[PDB]
C-alpha cells in the first residue's frame, strides 16, 4: 500500500515510539499538502483525538500539534467536525501538564476561528 496509508495505520499502533514517529511526518503533510490530506479528515480527527489522551506526554503534545495543523485544510471540510473537536479538546485543556495544556489551548483556539466572521 501507499506510505500515506501506512502513516495513517501507524496512528493505531500501540507503540508510543511509532506514534511519535508517524505524527512527526503527518504534521508537515497537513501544512504543505492540505488538499490531499482532506480526504482522510475523518480518520485524522479520530486518531489525533485518541492520541491526545495517551500515557506519553510527548505523544499528547504531538497529537495536539497535529490537531492545530489540521486547521490548514479547507475550512468547508472541517466545519462538520468543528463542534465535536471543540468539545473533545476541552479535556486536554485540563491535562495534568502545562506543556500539553499549552498545545491544547493553541489547537482549540484555532478551531474556534473556523466559522469566523473574519476571513
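Residue numbers count along the first chain shown, from 1.
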Hey, which bit's got the bigger mean C-alpha B factor in the entry, 61 to 69 or 76 to 84? 76 to 84
Assert higher mean C-alpha B factor (12 to 20 or 104 to 112, deposited values) equals 12 to 20
Would you mind checking where the Cα B-factor of residue 29 ranks among the modelled residues of its chain, as the lowest, middle or highest third? lowest
Where does residue 89 sit by CA temperature factor within its chain: lowest, middle or highest third? lowest
